[PDB]
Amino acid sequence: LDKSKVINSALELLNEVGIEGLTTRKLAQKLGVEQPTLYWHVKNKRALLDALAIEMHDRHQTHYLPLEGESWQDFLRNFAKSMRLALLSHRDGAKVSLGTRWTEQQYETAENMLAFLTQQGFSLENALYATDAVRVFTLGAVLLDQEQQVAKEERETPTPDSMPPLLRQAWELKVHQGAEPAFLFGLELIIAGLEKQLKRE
């Protein structure tokens, strides 16, 4: 009947059945309680996903708050990288986090994040869209990689010899790129744009 045991079991079930197979019914079953028992901790699948996402980001310490002396640039880098590693620590992590939003218990943290960026000279709007850009990019990079790896198993492999010369060279790079370098390339573009943006402002 403990929140913590509910969440630990649910994380285990996530890894066993993935996000699409997860239900409150199967969690009640794995826990051995009557639906209304579970209901009081987790009212529906959506609330279960929301709780799972809070737990993942908490336990992997997604970097929501800047350290003293941390530049805004490094702060956004650390936020992205730590979020990414939190998402990659659980089956369908990115999918679980895709639908989340700040809970009331997180409003102080969220406010402090925006306060930090606006203290650097970003407008509220720009601080907001910066954080959102880093979030959606990070989600997109993880989700695209995951799905590309499934998809290439359900389709004939491409034939390199059929590729015209630039594309062939492109193909060869991407064979070797790795997920983390793709992610970091985009991340750095975003940070560099924000710097330019902050100067102009």
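Numbers follow the displayed sequence, beginning with 1.
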Open item on the list: So, looking at the entry's B-factor column for Cα atoms, which has the higher mean, 134-142 or 59-67?
Closed with: 59-67
Task: 143-151 versus 38-46 - greater average Cα B-factor per the deposited record - done: 38-46
- [ ] Please place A53 in the lowest, middle or highest third of its chain by C-alpha B factor as given in the entry.
- [x] lowest
Open item on the list: Going by the CA temperature factor in the PDB record, which third of the chain does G186 belong to: lowest, middle or highest?
Closed with: lowest
Open item on the list: What third of the chain does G18 rank in for C-alpha temperature factor, lowest, middle or highest?
Closed with: middle
